[PDB]
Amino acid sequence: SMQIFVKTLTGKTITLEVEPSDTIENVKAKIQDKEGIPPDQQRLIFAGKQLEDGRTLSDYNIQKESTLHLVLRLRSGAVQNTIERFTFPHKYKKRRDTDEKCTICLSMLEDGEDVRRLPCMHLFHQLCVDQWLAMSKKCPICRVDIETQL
């Protein structure tokens, strides 16, 4: 086995015990196992290109100690439209630790709740974080602008 690194926009780095013959889908799956991010929300970038799910790491030049970037899989204050364009709204599904709390209101996230992931990968209740973003388009935790790109 071997190890590779996955970095978010905050500089946070995750270590992944992988195989060279693992699919990008499997990589997103262990990212979900470690950090609870659904694979449909993850866009992995490596060397300035996007990484398709049905392909293997060893297709893509992923040796030991390689670092991929984990961006948000998207298609001053921010208006509601700006917020939707730069974040991932969804209903929460607890995965079978597994507990996550909205750091604004301190309540646990429950199945079905309207939640929002920001491009830094931080996750909140929609109701809690939209009030914040209408005041300042930065993440309350890490202060990353919801429009920053790369």
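All residue numbers refer to positions in the sequence shown, first residue = 1.
*Asks:* Can you count the deposited residues that have no coordinates between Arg96 and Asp97 and report it as none, 1 to 3, 4 to 9, or 10 or more?
*Replies:* Unresolved stretch here: 10 or more residues.
*Asks:* Relative to the deposited sequence, how many residues with no modelled coordinates occur between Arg75 and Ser76 (none, 1 to 3, 4 to 9, 10 or more)?
*Replies:* Gap between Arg75 and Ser76: 10 or more unmodelled residues.
*Asks:* Mean C-alpha B factor from the entry: is it higher for 117 to 125 or for 51 to 59?
*Replies:* The deposited B-factors put 51 to 59 ahead on the C-alpha mean.
*Asks:* On mean C-alpha B-factor from the PDB entry, just flag whether 40 to 48 or 101 to 109 is the higher one.
*Replies:* Taking the mean C-alpha B-factor of 40 to 48 and of 101 to 109, the larger value falls to 40 to 48.
*Asks:* Using only modelled residues of the chain, where does the Cα B factor of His90 rank: lowest third, middle third or highest third?
*Replies:* It belongs to the lowest third of the chain when residues are ordered by C-alpha B-factor.
*Asks:* Lowest, middle or highest third: where is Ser136 by Cα B-factor in its chain?
*Replies:* For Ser136, whose C-alpha B-factor we compare with every modelled residue in the chain, the answer is the lowest third.
*Asks:* Among all modelled residues of this chain, ranked by Cα B factor, put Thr15 in the bottom, middle or top third, i.e. lowest, middle or highest.
*Replies:* It falls in the top third of the chain.
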